[PDB]
Amino acid sequence: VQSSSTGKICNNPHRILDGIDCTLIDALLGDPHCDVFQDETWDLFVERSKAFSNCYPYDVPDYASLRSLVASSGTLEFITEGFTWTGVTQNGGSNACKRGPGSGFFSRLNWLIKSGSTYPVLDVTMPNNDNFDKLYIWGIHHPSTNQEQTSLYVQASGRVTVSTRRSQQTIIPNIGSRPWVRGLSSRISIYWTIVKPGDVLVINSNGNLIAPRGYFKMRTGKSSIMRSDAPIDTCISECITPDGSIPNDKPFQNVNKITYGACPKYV
Amino acid sequence: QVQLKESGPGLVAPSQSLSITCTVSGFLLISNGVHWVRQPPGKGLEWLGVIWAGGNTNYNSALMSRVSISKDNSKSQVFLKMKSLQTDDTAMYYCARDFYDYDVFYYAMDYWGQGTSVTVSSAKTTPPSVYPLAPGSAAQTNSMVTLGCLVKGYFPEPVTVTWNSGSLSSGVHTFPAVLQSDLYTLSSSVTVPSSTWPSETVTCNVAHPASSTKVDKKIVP
Amino acid sequence: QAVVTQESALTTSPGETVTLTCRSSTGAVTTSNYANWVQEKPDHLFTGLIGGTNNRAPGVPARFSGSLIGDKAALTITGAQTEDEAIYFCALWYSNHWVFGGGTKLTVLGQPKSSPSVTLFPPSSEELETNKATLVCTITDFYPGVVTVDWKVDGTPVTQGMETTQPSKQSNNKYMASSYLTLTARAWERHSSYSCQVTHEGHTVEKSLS
Ligand SMILES: [Zn+2]
Ligand SMILES: [Zn+2]
Ligand SMILES: [Zn+2]
């Protein structure tokens, strides 16, 4: 049985992307400090321990699942699109996610808020005419007070409906005070939608929408994600495990149940 | 960095249509609103209206019937269009950026433009008539006699007063023009020793570029 | 919408702690109003100072502070310096409509009070030939930069045809100003004595003729 690792994860021959201090999801939404991972690509994406978000407090229900779908696709290729928001103020941002000189937010997201006196009943539609699936990512904002709710979106209680021809998610914000994070008792909630060719993404809302900036090109799940604090070395090795590289010469390995590449069976 | 510049006419006759342009840089019109603030000469500021990032606008109740703010998001230009102009409209027109803080929830006018002057006059370029001003009532008080020189009704600004073509410089005090009727009148005074006037000639020079006229007028006692 | 009112001008000296104020006809100035304090420097180059009532804008020195003092909003320069001389405008938000205040002229006494030199000039024979007469009173070299000009005819007070230029800084930083009394030759003949009364720092210094 193979029962020992070098201890390092060899940089060759699979394209290994070290996220350093960004997890995948943070690099995906576009946490200011993961701006470097933009449009990046990999076979194996290793998430370290350091990893800490550092932008608007958010929670992703169905995280581990959304995390895996992206990890598999192995590309982080974002494609901006021409969304048309008429009647609201775009580019919203905050101090909990500073960028440049001040207020910032997730690069891949667009915070809409009222335009002076009002927040119209938004209702855009964007058709997927292409020959590949689209993975839009959006969010809903939950102010922690009815004051905040009204300052930003006017309406006393918002709603976000993101429908395609086969689905229909209608989430409604939930006002209340959550634990303080980077000075905030507020939060955003990340949701997603994959649009199959010949389908139409339809965003209708009248409050709290945290609009998509475009879509993520999705290829076929050949790549994978893995958490490990293993160093990365310059060497050639085919079987990668959270513990490091282990040779695939023996038929059974007992090092770890998680591995990448032509590996010995786990025992 | 943020930056706003206004480019307009400068001079428009009553009953025409004023059209200023605020060209913003370093921020998007879909990200912020732009306000229009006008300052008539020797007055406070006046808020004209605002165009929100969402395109909707809000005008100053009063002037609303004549104002109209628009914008071309793709060009980074806001447009203040005023019709039925009347003299009172002579003022400095400014555009300032509308700012809103998402964390504390307050509005503010953070980036002000440089401004652009607009005079509403139906007057044709007319050279100034220049009347000399001498003491008259010789009280013989002290050694410093003070001569004057009225530069009456010219248009447009500016004129250039000078005494003895520059020889006199000490205390030439040249005041700002005023707007009597519809033209600019202005004055300038030089002070000299009684042992110089009428002994020597103290002459007044008034060149007025706009109307290529240049009058000299010797101030007699 | 409402009427924002504030001190015409205020005169301090370096060191002192001044406080401009901002009143609302419509009532007390709440946080709802987002009191904005713009600072207009020479030759109208406006600059944001405080926003949302007390949020100090970046460049603004720590010495400027925003606050609610009772039912009016305020700004307090703590330890004014000559470089604080300016017109300070207060702006109050009332439902997607801004309303500025009259502005306050802040003086920061940096030099000795100087008394104006007054001069009254009678109409010129020339100007009179064309049947118009204009009295020119040139007030100069005064400090601080503020005077009140009043015209008198035969002792009685004039209330027409007078126009006074706003004071203008000089090279020596003292001030100059000017006033004009415009009447028709006929009306200029109709009286005997004409006077220009320059009031500056309590006293009034007038010049007159006949
Ligand atoms: Zn492999
Ligand atoms: Zn002098
Ligand atoms: Zn009389």
# chains A, B, ... in the order shown; residues from 1 in each chain; ligands from 1
call {"tool": "residues_around", "arguments": {"residues": "residue 186 (chain B)", "least_positions_apart": "3", "cutoff": "10 Å", "atoms": "only C-alpha atoms", "output": "ChimeraX atom specification"}}
result
/B:128,130,149-154,158-159,161,174-180,183 /C:136,165,178,180
call {"tool": "write_last_selection", "arguments": {"atoms": "N, CA and C atoms", "output": "PDB file, in the first residue's frame"}}
result
ATOM      1  N   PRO B 128     -16.729 102.852 -24.266  1.00  0.00           N
ATOM      2  CA  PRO B 128     -17.051 103.689 -23.105  1.00  0.00           C
ATOM      3  C   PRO B 128     -16.844 105.196 -23.356  1.00  0.00           C
ATOM      4  N   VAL B 130     -15.601 108.572 -21.786  1.00  0.00           N
ATOM      5  CA  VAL B 130     -14.749 108.820 -20.625  1.00  0.00           C
ATOM      6  C   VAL B 130     -14.707 110.263 -20.136  1.00  0.00           C
ATOM      7  N   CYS B 149     -11.555 109.610 -12.953  1.00  0.00           N
ATOM      8  CA  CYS B 149     -11.824 109.402 -14.371  1.00  0.00           C
ATOM      9  C   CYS B 149     -12.975 108.433 -14.562  1.00  0.00           C
ATOM     10  N   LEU B 150     -14.160 108.933 -14.863  1.00  0.00           N
ATOM     11  CA  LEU B 150     -15.341 108.063 -15.039  1.00  0.00           C
ATOM     12  C   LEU B 150     -15.372 107.365 -16.411  1.00  0.00           C
ATOM     13  N   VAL B 151     -15.455 106.041 -16.416  1.00  0.00           N
ATOM     14  CA  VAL B 151     -15.530 105.324 -17.673  1.00  0.00           C
ATOM     15  C   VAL B 151     -16.984 104.882 -17.802  1.00  0.00           C
ATOM     16  N   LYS B 152     -17.785 105.735 -18.444  1.00  0.00           N
ATOM     17  CA  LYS B 152     -19.208 105.466 -18.592  1.00  0.00           C
ATOM     18  C   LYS B 152     -19.620 104.513 -19.680  1.00  0.00           C
ATOM     19  N   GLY B 153     -20.773 103.896 -19.430  1.00  0.00           N
ATOM     20  CA  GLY B 153     -21.428 102.937 -20.311  1.00  0.00           C
ATOM     21  C   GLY B 153     -20.821 102.217 -21.508  1.00  0.00           C
ATOM     22  N   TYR B 154     -19.973 101.239 -21.246  1.00  0.00           N
ATOM     23  CA  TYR B 154     -19.375 100.452 -22.302  1.00  0.00           C
ATOM     24  C   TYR B 154     -19.906  99.037 -22.118  1.00  0.00           C
ATOM     25  N   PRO B 158     -13.618  93.668 -20.382  1.00  0.00           N
ATOM     26  CA  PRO B 158     -13.164  94.681 -19.442  1.00  0.00           C
ATOM     27  C   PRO B 158     -12.614  95.876 -20.183  1.00  0.00           C
ATOM     28  N   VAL B 159     -12.325  96.922 -19.428  1.00  0.00           N
ATOM     29  CA  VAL B 159     -11.718  98.127 -19.978  1.00  0.00           C
ATOM     30  C   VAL B 159     -10.371  98.124 -19.253  1.00  0.00           C
ATOM     31  N   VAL B 161      -7.934 100.940 -17.500  1.00  0.00           N
ATOM     32  CA  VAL B 161      -7.585 102.301 -17.108  1.00  0.00           C
ATOM     33  C   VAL B 161      -6.124 102.325 -16.772  1.00  0.00           C
ATOM     34  N   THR B 174      -8.261 101.335  -9.118  1.00  0.00           N
ATOM     35  CA  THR B 174      -9.280 101.281 -10.165  1.00  0.00           C
ATOM     36  C   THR B 174     -10.371 100.343  -9.732  1.00  0.00           C
ATOM     37  N   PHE B 175     -11.528 100.895  -9.406  1.00  0.00           N
ATOM     38  CA  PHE B 175     -12.658 100.119  -8.912  1.00  0.00           C
ATOM     39  C   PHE B 175     -13.335  99.186  -9.895  1.00  0.00           C
ATOM     40  N   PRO B 176     -14.165  98.255  -9.390  1.00  0.00           N
ATOM     41  CA  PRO B 176     -14.883  97.307 -10.248  1.00  0.00           C
ATOM     42  C   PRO B 176     -16.070  97.956 -10.945  1.00  0.00           C
ATOM     43  N   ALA B 177     -16.393  97.462 -12.125  1.00  0.00           N
ATOM     44  CA  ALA B 177     -17.490  98.028 -12.882  1.00  0.00           C
ATOM     45  C   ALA B 177     -18.802  97.724 -12.206  1.00  0.00           C
ATOM     46  N   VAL B 178     -19.814  98.530 -12.503  1.00  0.00           N
ATOM     47  CA  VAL B 178     -21.154  98.331 -11.982  1.00  0.00           C
ATOM     48  C   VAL B 178     -22.045  98.179 -13.210  1.00  0.00           C
ATOM     49  N   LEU B 179     -23.337  97.984 -12.986  1.00  0.00           N
ATOM     50  CA  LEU B 179     -24.245  97.799 -14.083  1.00  0.00           C
ATOM     51  C   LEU B 179     -25.436  98.757 -14.069  1.00  0.00           C
ATOM     52  N   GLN B 180     -25.159 100.021 -14.346  1.00  0.00           N
ATOM     53  CA  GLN B 180     -26.205 101.025 -14.405  1.00  0.00           C
ATOM     54  C   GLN B 180     -26.822 100.825 -15.781  1.00  0.00           C
ATOM     55  N   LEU B 183     -25.161  98.823 -19.297  1.00  0.00           N
ATOM     56  CA  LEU B 183     -23.784  98.830 -19.714  1.00  0.00           C
ATOM     57  C   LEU B 183     -22.937  98.975 -18.468  1.00  0.00           C
TER      58      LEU B 183
ATOM     59  N   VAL C 136     -19.504 110.695  -8.125  1.00  0.00           N
ATOM     60  CA  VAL C 136     -18.643 109.539  -7.873  1.00  0.00           C
ATOM     61  C   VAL C 136     -17.916 109.667  -6.550  1.00  0.00           C
ATOM     62  N   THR C 165     -20.480  99.663  -5.217  1.00  0.00           N
ATOM     63  CA  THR C 165     -19.778  98.447  -5.584  1.00  0.00           C
ATOM     64  C   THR C 165     -19.480  97.711  -4.272  1.00  0.00           C
ATOM     65  N   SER C 178     -16.690 101.825  -3.968  1.00  0.00           N
ATOM     66  CA  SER C 178     -17.152 102.956  -4.738  1.00  0.00           C
ATOM     67  C   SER C 178     -18.657 103.091  -4.762  1.00  0.00           C
ATOM     68  N   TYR C 180     -22.026 105.551  -6.598  1.00  0.00           N
ATOM     69  CA  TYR C 180     -22.398 106.532  -7.636  1.00  0.00           C
ATOM     70  C   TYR C 180     -23.803 107.071  -7.417  1.00  0.00           C
TER      71      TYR C 180
END
call {"tool": "interface_residues", "arguments": {"of": "chain A", "to": "chain C", "cutoff": "12 Å", "atoms": "only C-alpha atoms", "output": "VMD selection string"}}
result
chain A and resid 101 to 102 115 to 118 151
call {"tool": "interface_residues", "arguments": {"of": "chain B", "to": "chain C", "cutoff": "6 Å", "atoms": "only C-alpha atoms", "output": "list in words"}}
result
residues 44, 106, 108 and 110 of chain B
call {"tool": "select_by_dssp", "arguments": {"residues": "region 74-173 of chain C", "states": "alpha helix (DSSP H)", "output": "compact mmCIF listing (two decimals) with N, CA, C and O atoms, in the first residue's frame"}}
result
# COMPACT_ATOMS: atom_id res chain seq x y z
N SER C 125 -18.28 118.96 -16.36
CA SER C 125 -18.93 119.85 -17.31
C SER C 125 -19.39 119.07 -18.52
O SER C 125 -20.54 119.16 -18.94
N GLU C 126 -18.50 118.20 -18.99
CA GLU C 126 -18.74 117.36 -20.13
C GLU C 126 -19.99 116.51 -19.92
O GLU C 126 -20.97 116.67 -20.63
N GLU C 127 -19.97 115.66 -18.91
CA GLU C 127 -21.11 114.80 -18.66
C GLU C 127 -22.39 115.62 -18.56
O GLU C 127 -23.43 115.24 -19.10
N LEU C 128 -22.29 116.80 -17.96
CA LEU C 128 -23.44 117.68 -17.80
C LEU C 128 -24.01 118.23 -19.13
O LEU C 128 -25.23 118.36 -19.28
N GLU C 129 -23.13 118.50 -20.10
CA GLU C 129 -23.54 119.01 -21.40
C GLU C 129 -24.51 118.04 -22.04
O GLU C 129 -25.40 118.47 -22.77
call {"tool": "residues_around", "arguments": {"residues": "residue 7 (chain A)", "least_positions_apart": "5", "cutoff": "12 Å", "atoms": "only C-alpha atoms", "output": "PyMOL selection string"}}
result
chain A and resi 228-233+240-246+255
call {"tool": "write_last_selection", "arguments": {"atoms": "C-alpha atoms", "output": "CSV table (one decimal), in the first residue's frame"}}
result
chain,number,residue,atom,x,y,z
A,228,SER,CA,-4.6,21.6,2.1
A,229,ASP,CA,-1.8,23.6,3.7
A,230,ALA,CA,0.7,21.5,1.8
A,231,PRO,CA,3.6,23.4,0.2
A,232,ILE,CA,3.9,23.5,-3.5
A,233,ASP,CA,7.1,22.4,-5.1
A,240,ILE,CA,-2.0,14.7,-5.5
A,241,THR,CA,-3.5,14.4,-2.1
A,242,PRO,CA,-4.3,16.9,0.6
A,243,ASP,CA,-1.1,15.6,2.3
A,244,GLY,CA,1.0,15.9,-0.8
A,245,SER,CA,2.1,13.9,-3.7
A,246,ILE,CA,2.1,10.1,-3.6
A,255,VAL,CA,-2.9,8.1,2.6
call {"tool": "residues_near_ligand", "arguments": {"ligand": "ligand 1", "cutoff": "12 Å", "atoms": "only C-alpha atoms and all ligand atoms", "output": "list in words"}}
result
residues 10, 11, 12, 13, 14, 15, 16, 43, 44, 222, 223, 224, 236, 237, 238, 239, 240, 245, 247, 248, 259, 260, 261, 262 and 263 of chain A
call {"tool": "closest_atom_pairs", "arguments": {"of": "chain A", "to": "chain B", "cutoff": "7 Å", "atoms": "only C-alpha atoms", "output": "CSV"}}
result
residue,atom,partner,partner_atom,distance
A:86,CA,B:54,CA,6.0
A:87,CA,B:54,CA,4.3
A:88,CA,B:54,CA,4.6
A:89,CA,B:53,CA,5.1
A:90,CA,B:31,CA,5.3
A:91,CA,B:31,CA,5.4
A:93,CA,B:102,CA,7.0
A:94,CA,B:102,CA,6.2
A:115,CA,B:54,CA,4.9
A:116,CA,B:52,CA,6.1
A:151,CA,B:105,CA,6.8
call {"tool": "write_last_selection", "arguments": {"atoms": "N, CA, C and O atoms", "output": "CSV table (one decimal), in the first residue's frame"}}
result
chain,number,residue,atom,x,y,z
A,86,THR,N,-32.8,50.8,-15.6
A,86,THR,CA,-33.2,52.2,-15.7
A,86,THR,C,-34.2,52.6,-14.6
A,86,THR,O,-35.3,52.0,-14.4
A,87,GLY,N,-33.8,53.6,-13.8
A,87,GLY,CA,-34.6,54.0,-12.7
A,87,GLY,C,-34.0,53.8,-11.4
A,87,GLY,O,-34.5,54.2,-10.3
A,88,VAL,N,-32.8,53.1,-11.3
A,88,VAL,CA,-32.1,52.9,-10.1
A,88,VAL,C,-30.7,53.4,-10.2
A,88,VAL,O,-30.2,53.6,-11.3
A,89,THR,N,-30.0,53.6,-9.1
A,89,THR,CA,-28.6,54.1,-9.1
A,89,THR,C,-27.8,52.8,-8.9
A,89,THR,O,-27.9,52.0,-8.0
A,90,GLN,N,-26.9,52.6,-9.9
A,90,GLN,CA,-26.0,51.4,-9.8
A,90,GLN,C,-24.8,51.6,-9.0
A,90,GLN,O,-24.6,52.5,-8.2
A,91,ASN,N,-23.8,50.7,-9.2
A,91,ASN,CA,-22.5,50.7,-8.6
A,91,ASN,C,-22.4,50.9,-7.1
A,91,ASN,O,-21.3,51.3,-6.6
A,93,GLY,N,-21.8,50.5,-3.1
A,93,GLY,CA,-20.6,50.0,-2.4
A,93,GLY,C,-20.6,50.3,-0.9
A,93,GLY,O,-21.4,51.1,-0.4
A,94,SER,N,-19.5,49.9,-0.2
A,94,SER,CA,-19.4,50.1,1.2
A,94,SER,C,-18.0,50.2,1.8
A,94,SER,O,-17.0,49.7,1.2
A,115,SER,N,-33.2,55.6,-6.9
A,115,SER,CA,-32.6,56.7,-7.7
A,115,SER,C,-33.4,57.9,-7.2
A,115,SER,O,-34.5,58.2,-7.7
A,116,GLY,N,-32.9,58.6,-6.2
A,116,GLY,CA,-33.6,59.7,-5.6
A,116,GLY,C,-34.9,59.3,-5.0
A,116,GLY,O,-35.0,58.3,-4.3
A,151,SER,N,-34.2,53.7,3.4
A,151,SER,CA,-33.2,54.7,2.9
A,151,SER,C,-32.7,54.2,1.5
A,151,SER,O,-32.6,55.0,0.5
call {"tool": "closest_atom_pairs", "arguments": {"of": "chain B", "to": "ligand 2", "cutoff": "8 Å", "atoms": "only C-alpha atoms and all ligand atoms", "output": "CSV"}}
result
residue,atom,partner,partner_atom_place_in_ligand_line,distance
B:170,CA,ligand 2,1 (Zn),7.7
B:171,CA,ligand 2,1 (Zn),4.6
B:172,CA,ligand 2,1 (Zn),7.5
B:173,CA,ligand 2,1 (Zn),6.8
B:191,CA,ligand 2,1 (Zn),7.8
call {"tool": "residues_near_ligand", "arguments": {"ligand": "ligand 3", "cutoff": "12 Å", "atoms": "only C-alpha atoms and all ligand atoms", "output": "list in words"}}
result
residues 152, 153, 154, 155, 156, 157, 158, 187, 188, 189, 190, 191, 192, 193, 194 and 210 of chain C
call {"tool": "select_by_dssp", "arguments": {"residues": "region 66-102 of chain C", "states": "strand (DSSP E or B)", "output": "PyMOL selection string"}}
result
chain C and resi 66-69+72-78+86-93+98-101
call {"tool": "residues_around", "arguments": {"residues": "region 36-38 of chain A", "least_positions_apart": "3", "cutoff": "12 Å", "atoms": "only C-alpha atoms", "output": "list in words"}}
result
residues 17, 18, 19, 20, 21, 22, 23, 24, 25, 26, 27, 28, 29, 30, 31, 32, 33, 41, 42, 45, 75, 76, 77, 78, 79, 106, 107, 108 and 216 of chain A
call {"tool": "closest_residue", "arguments": {"among": "B:67, B:194, B:12, B:79", "to": "residue 138 (chain B)", "atoms": "only C-alpha atoms"}}
result
B:194
